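*Asks:* I'd like to ask you about the structure that follows.
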Protein chains: 2
Amino acid sequence: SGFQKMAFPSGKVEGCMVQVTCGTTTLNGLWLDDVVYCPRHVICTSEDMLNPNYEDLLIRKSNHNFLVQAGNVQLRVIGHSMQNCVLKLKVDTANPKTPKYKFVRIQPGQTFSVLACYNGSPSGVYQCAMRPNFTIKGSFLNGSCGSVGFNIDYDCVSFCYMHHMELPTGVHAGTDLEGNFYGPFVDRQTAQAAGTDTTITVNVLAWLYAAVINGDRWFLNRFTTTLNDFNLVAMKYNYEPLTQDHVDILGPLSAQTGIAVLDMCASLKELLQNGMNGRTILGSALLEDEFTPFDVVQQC
Amino acid sequence: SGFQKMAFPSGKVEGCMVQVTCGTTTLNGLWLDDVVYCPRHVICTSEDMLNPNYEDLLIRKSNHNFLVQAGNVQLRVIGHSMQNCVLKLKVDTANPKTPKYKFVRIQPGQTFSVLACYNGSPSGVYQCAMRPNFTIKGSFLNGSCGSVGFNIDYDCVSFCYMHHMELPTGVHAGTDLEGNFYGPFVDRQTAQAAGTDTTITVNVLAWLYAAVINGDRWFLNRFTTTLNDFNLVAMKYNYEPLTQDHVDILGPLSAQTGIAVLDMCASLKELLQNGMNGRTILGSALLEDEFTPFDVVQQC
């Protein structure tokens, strides 16, 4: 059949992307209805970025200070309100390309597509995961700020992410659409570490199911284990522990492959302890934790 | 900065995708202007798929035999002509969503985005490479046939690929838009091997430049080599040989990193011969040959 990393089609979102300007700085904004959502740090200079008093910095801004472009067309900002770390700009015009949408806050391990932009024009799409330490491994250059992550269900767009900053370590932190940072991060220029990151156990499992489906299987073993004895080897190898909820999530996959979750665990535990001695699995030489159980189904 | 595999935004194409039906079988079609392009095997049963006499099979089909849907809307087929392995269906209506486009035949090693569909409705997008043996590693289920590969330059869509079949080995073969198979393949149900596949040398290089840009570098060594002595170790490890054209292609990257192509080669040669002894490079434990030099630039 085949199995690769795969993003939701980006169209529906592409028609919500707008450029937002305020002084020197310009960045990407999400135009839904007669609101335009963007990162609030748009209203900062460099001076301000070391220690911004944002409430102070707003209010001293009038609507006309905010430029919004939708192609070669100008929205007029008629109101402006801040919501945590998002600026929201009410405009005179509703977006005729608004899809059915909602705002969700995702959970660590959940995936989404990112449409990454520069100057309110889409450059590219890729699929991502919300790491345990609330960071994301992606690609984001200058001007990429305000690029969003989403999922599509039937034809409802669930916005989950807005990009804000690149942490020294080369990875990206951002907010949901209500303006709250995933992780303990703050929009200011000061050296912020995400903690040590761990692997998304339940996903790696689902990867091993996918593998077995598309016909790989060398890594399967004789053994089985308890969920506890397993976990005790999980924690040792920077894997997130595995709940019963997680086991439940793997029930369908388990049922299809005729392989019990705790056996899969035993086969995984073994890989952790012996490595892959030069072998590959779905032609990767690493354990892929960025496919959720749900992702694997939909593709399969 | 960051570096991940990244597809062109799919919108522009999503509005060219149509469902095409003929008897039992239904598949994806590309609607540009008042033509709709699709794989010709749509006109086959299973019987016919063992050894199809396509010229025979057409002509005995009238226009009304061809159903085309564009959302919940019906195009009327008013002419039908075959071009090698594509059926082309003239319709009463031009596609108001046709973008600026062209048809290109790509070369092995060139990349493109695939928008993969089922029943003329887009399910997902991913980035791909035209392997040396003219196959592609992708994801394509039943009904995925007629899913296209493309590149965008500014706002011109260069169609390069149409999907036809999955070869036993789990990989996918298809045509350009003029209906000619990349590779020595034919649209019939008979066991066809692609030859042994090799690695895209020039791309792997560009990957090593990207790496060095985003700050990795452990794999750099003291040595240098000749292009010949290099090649003689390339051929041994299933790498495509490296022309002067390829060296020329890496000139810009070389100039940025302050690292001469033949030194990079020496550093690569060394990896080939010693492996990666547990290390990673841009967090992959393999050599990534599916980013062209051009791709790396645009992202960077």
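Quick note on naming: the chains in the structure tokens go A, B, ... in the order shown, residues restart at 1 in each chain, and ligands are numbered from 1 in order of appearance.
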Taking only C-alpha atoms into account, what are the residues of chain A at most 7 Å from chain B, put as a count of residues only?
*Replies:* 23
*Asks:* So that I can check the surroundings of residue B:143, please list as a list in words every protein, DNA and RNA residue that reaches within 10 Å of it, counting only C-alpha atoms and ignoring chain neighbours fewer than 6 positions away.
*Replies:* residues 19, 25, 26, 27, 28, 116, 117, 118, 119 and 120 of chain B
*Asks:* Please produce a file of those selected residues containing C-alpha atoms, as a PDB file, in the first residue's frame.
*Replies:*
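New file out.pdb:
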```pdb
ATOM      1  CA  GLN B  19     -13.871  12.074 -10.324  1.00  0.00           C
ATOM      2  CA  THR B  25     -14.253   1.606 -12.064  1.00  0.00           C
ATOM      3  CA  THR B  26     -13.981   5.204 -10.790  1.00  0.00           C
ATOM      4  CA  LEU B  27     -10.806   7.308 -10.451  1.00  0.00           C
ATOM      5  CA  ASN B  28      -9.221  10.783 -10.153  1.00  0.00           C
ATOM      6  CA  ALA B 116      -3.297  12.075  -3.290  1.00  0.00           C
ATOM      7  CA  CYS B 117      -7.021  11.633  -3.825  1.00  0.00           C
ATOM      8  CA  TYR B 118      -9.923   9.174  -3.583  1.00  0.00           C
ATOM      9  CA  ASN B 119     -13.067   9.660  -5.718  1.00  0.00           C
ATOM     10  CA  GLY B 120     -11.949  13.065  -7.030  1.00  0.00           C
TER      11      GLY B 120
END
```
*Asks:* Kindly indicate which residue among A:179, A:24, A:212, A:129 lies nearest to residue A:258, using only C-alpha atoms for the distances.
*Replies:* A:212
*Asks:* Just to confirm, what's the straight-line distance from atom CA of residue B:294 to atom CA of residue B:213 in Å (one decimal)?
*Replies:*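 According to the coordinates, atom CA of residue B:294 and atom CA of residue B:213 are separated by 14.7 Å.
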*Asks:* DSSP on the backbone, then: every residue of stretch 33-178 of chain B marked helix (DSSP H, G or I), written as an MDAnalysis selection string.
*Replies:* chainID B and resid 40:43 46:50 54:57 63:65
*Asks:* Produce a file of the selected residues containing N, CA and C atoms, as a short mmCIF file (atom, residue, chain, number, x, y, z; two decimals), in the first residue's frame.
*Replies:*
```
data_model
loop_
_atom_site.label_atom_id
_atom_site.label_comp_id
_atom_site.auth_asym_id
_atom_site.auth_seq_id
_atom_site.Cartn_x
_atom_site.Cartn_y
_atom_site.Cartn_z
N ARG B 40 -5.84 5.86 -18.66
CA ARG B 40 -6.72 5.21 -19.61
C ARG B 40 -7.29 3.88 -19.12
N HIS B 41 -6.69 3.29 -18.07
CA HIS B 41 -7.11 1.97 -17.61
C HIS B 41 -8.47 2.01 -16.93
N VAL B 42 -9.00 3.22 -16.75
CA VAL B 42 -10.38 3.40 -16.34
C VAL B 42 -11.39 2.60 -17.18
N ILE B 43 -11.09 2.37 -18.47
CA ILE B 43 -11.98 1.64 -19.36
C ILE B 43 -11.83 0.11 -19.33
N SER B 46 -11.45 -6.36 -14.86
CA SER B 46 -10.36 -7.20 -14.43
C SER B 46 -9.88 -8.10 -15.57
N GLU B 47 -10.82 -8.80 -16.22
CA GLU B 47 -10.51 -9.54 -17.43
C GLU B 47 -9.54 -8.75 -18.31
N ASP B 48 -9.92 -7.51 -18.64
CA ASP B 48 -9.18 -6.68 -19.57
C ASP B 48 -7.80 -6.29 -19.05
N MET B 49 -7.62 -6.37 -17.73
CA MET B 49 -6.43 -5.85 -17.10
C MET B 49 -5.25 -6.82 -17.22
N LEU B 50 -5.52 -8.08 -17.57
CA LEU B 50 -4.44 -9.03 -17.78
C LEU B 50 -3.72 -8.75 -19.09
N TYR B 54 -6.24 -1.65 -25.74
CA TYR B 54 -6.86 -0.37 -25.44
C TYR B 54 -7.52 0.33 -26.63
N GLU B 55 -6.84 0.34 -27.79
CA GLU B 55 -7.38 0.96 -28.99
C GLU B 55 -8.73 0.33 -29.30
N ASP B 56 -8.73 -1.01 -29.29
CA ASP B 56 -9.93 -1.81 -29.40
C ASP B 56 -10.98 -1.36 -28.38
N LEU B 57 -10.54 -1.22 -27.13
CA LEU B 57 -11.46 -1.01 -26.03
C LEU B 57 -12.11 0.37 -26.10
N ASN B 63 -19.09 8.86 -25.67
CA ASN B 63 -18.93 9.91 -24.68
C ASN B 63 -19.82 9.71 -23.45
N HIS B 64 -21.10 9.41 -23.68
CA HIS B 64 -22.05 9.22 -22.59
C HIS B 64 -21.63 8.13 -21.60
N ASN B 65 -20.71 7.25 -22.03
CA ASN B 65 -20.14 6.23 -21.17
C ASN B 65 -19.21 6.81 -20.12
#
```
*Asks:* May I have the residues within 6 Å of residue B:291 as a ChimeraX atom specification, using only C-alpha atoms and disregarding those fewer than 2 positions away in the same chain?
*Replies:* /B:203,289,295
*Asks:* Which is closest to residue A:266 among A:230, A:31, A:103, A:239, if we use only C-alpha atoms?
*Replies:*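 For residue A:266, the nearest of the given residues is A:230.
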*Asks:* Report as a ChimeraX atom specification all protein, DNA and RNA residues lying within 12 Å of residue A:84, evaluated on only C-alpha atoms, omitting residues in the same chain fewer than 4 positions from it.
*Replies:* /A:37-41,54-55,88,175-181,186-187
*Asks:* Could you dump the residues just selected with N, CA, C and O atoms as a short mmCIF file (atom, residue, chain, number, x, y, z; two decimals), in the first residue's frame?
*Replies:*
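As written to disk, selection-v3.cif reads:
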```
data_model
loop_
_atom_site.label_atom_id
_atom_site.label_comp_id
_atom_site.auth_asym_id
_atom_site.auth_seq_id
_atom_site.Cartn_x
_atom_site.Cartn_y
_atom_site.Cartn_z
N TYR A 37 -6.57 37.22 13.25
CA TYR A 37 -5.81 36.79 14.41
C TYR A 37 -4.34 36.76 14.04
O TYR A 37 -3.99 36.23 12.98
N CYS A 38 -3.49 37.33 14.91
CA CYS A 38 -2.05 37.24 14.73
C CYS A 38 -1.29 37.32 16.06
O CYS A 38 -1.87 37.60 17.11
N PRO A 39 0.03 37.01 16.06
CA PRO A 39 0.84 37.11 17.28
C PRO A 39 0.98 38.56 17.70
O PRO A 39 1.21 39.43 16.86
N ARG A 40 0.90 38.80 19.00
CA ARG A 40 0.89 40.17 19.48
C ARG A 40 2.24 40.87 19.40
O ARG A 40 2.28 42.09 19.49
N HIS A 41 3.34 40.11 19.23
CA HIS A 41 4.67 40.71 19.24
C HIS A 41 4.94 41.54 17.99
O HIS A 41 5.96 42.22 17.90
N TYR A 54 3.32 44.70 27.13
CA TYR A 54 2.38 44.67 26.01
C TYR A 54 1.11 45.50 26.21
O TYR A 54 0.69 46.17 25.27
N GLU A 55 0.51 45.44 27.41
CA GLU A 55 -0.69 46.20 27.71
C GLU A 55 -0.40 47.68 27.47
O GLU A 55 -1.17 48.38 26.81
N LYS A 88 -6.16 40.43 18.09
CA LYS A 88 -7.28 40.21 17.19
C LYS A 88 -7.75 41.57 16.64
O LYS A 88 -8.01 42.50 17.39
N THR A 175 1.32 29.21 20.22
CA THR A 175 0.09 29.22 21.00
C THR A 175 -1.01 28.42 20.30
O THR A 175 -0.86 28.01 19.15
N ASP A 176 -2.12 28.23 21.02
CA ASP A 176 -3.36 27.83 20.39
C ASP A 176 -3.93 29.12 19.82
O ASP A 176 -3.30 30.17 19.90
N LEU A 177 -5.15 29.07 19.27
CA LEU A 177 -5.78 30.28 18.78
C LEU A 177 -6.40 31.18 19.85
O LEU A 177 -6.72 32.32 19.53
N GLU A 178 -6.54 30.73 21.11
CA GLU A 178 -6.99 31.64 22.17
C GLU A 178 -5.82 32.42 22.77
O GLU A 178 -6.02 33.23 23.66
N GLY A 179 -4.61 32.15 22.26
CA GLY A 179 -3.43 32.96 22.55
C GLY A 179 -2.58 32.46 23.71
O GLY A 179 -1.75 33.19 24.24
N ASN A 180 -2.80 31.20 24.08
CA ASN A 180 -2.09 30.57 25.18
C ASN A 180 -0.99 29.66 24.65
O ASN A 180 -1.25 28.72 23.91
N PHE A 181 0.25 29.96 25.07
CA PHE A 181 1.40 29.13 24.77
C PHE A 181 1.22 27.68 25.18
O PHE A 181 0.95 27.38 26.34
N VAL A 186 7.18 32.26 26.94
CA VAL A 186 6.69 33.62 26.92
C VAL A 186 7.30 34.33 25.72
O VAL A 186 8.46 34.08 25.40
N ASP A 187 6.49 35.18 25.06
CA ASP A 187 6.93 36.00 23.95
C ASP A 187 7.81 37.17 24.43
O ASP A 187 7.36 38.31 24.51
#
```
*Asks:* Could you list, as a ChimeraX atom specification, every residue within 12 Å of residue A:78, counting only C-alpha atoms and ignoring same-chain residues fewer than 2 positions away?
*Replies:* /A:34-36,62-68,75-76,80-81,88-93
*Asks:* Any chance you could list, as a list in words, the residues in stretch 10-61 of chain A that come up strand (DSSP E) when DSSP is run on the backbone?
*Replies:* residues 17, 18, 19, 20, 21, 22, 25, 26, 27, 28, 29, 30, 31, 32, 35, 36, 37, 38 and 39 of chain A
*Asks:* Can you spit out the residues from that selection as a PDB file, in the first residue's frame, using C-alpha atoms?
*Replies:*
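Wrote selection_0.pdb, looks like this:
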```pdb
ATOM      1  CA  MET A  17      -3.845  33.802   5.298  1.00  0.00           C
ATOM      2  CA  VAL A  18      -3.158  37.537   5.488  1.00  0.00           C
ATOM      3  CA  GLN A  19      -0.176  39.844   5.950  1.00  0.00           C
ATOM      4  CA  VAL A  20      -0.220  42.111   9.044  1.00  0.00           C
ATOM      5  CA  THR A  21       1.977  45.197   9.462  1.00  0.00           C
ATOM      6  CA  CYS A  22       2.713  47.559  12.361  1.00  0.00           C
ATOM      7  CA  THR A  25       7.624  44.405  11.528  1.00  0.00           C
ATOM      8  CA  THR A  26       5.318  42.427   9.202  1.00  0.00           C
ATOM      9  CA  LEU A  27       3.904  38.920   9.774  1.00  0.00           C
ATOM     10  CA  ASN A  28       1.238  36.306   8.916  1.00  0.00           C
ATOM     11  CA  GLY A  29      -2.373  36.549  10.114  1.00  0.00           C
ATOM     12  CA  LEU A  30      -5.435  34.297  10.089  1.00  0.00           C
ATOM     13  CA  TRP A  31      -8.514  35.947   8.580  1.00  0.00           C
ATOM     14  CA  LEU A  32     -11.731  34.291   9.724  1.00  0.00           C
ATOM     15  CA  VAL A  35     -11.593  39.133  12.645  1.00  0.00           C
ATOM     16  CA  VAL A  36      -7.892  38.705  11.841  1.00  0.00           C
ATOM     17  CA  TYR A  37      -5.813  36.791  14.414  1.00  0.00           C
ATOM     18  CA  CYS A  38      -2.050  37.242  14.730  1.00  0.00           C
ATOM     19  CA  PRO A  39       0.842  37.109  17.276  1.00  0.00           C
TER      20      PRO A  39
END
```
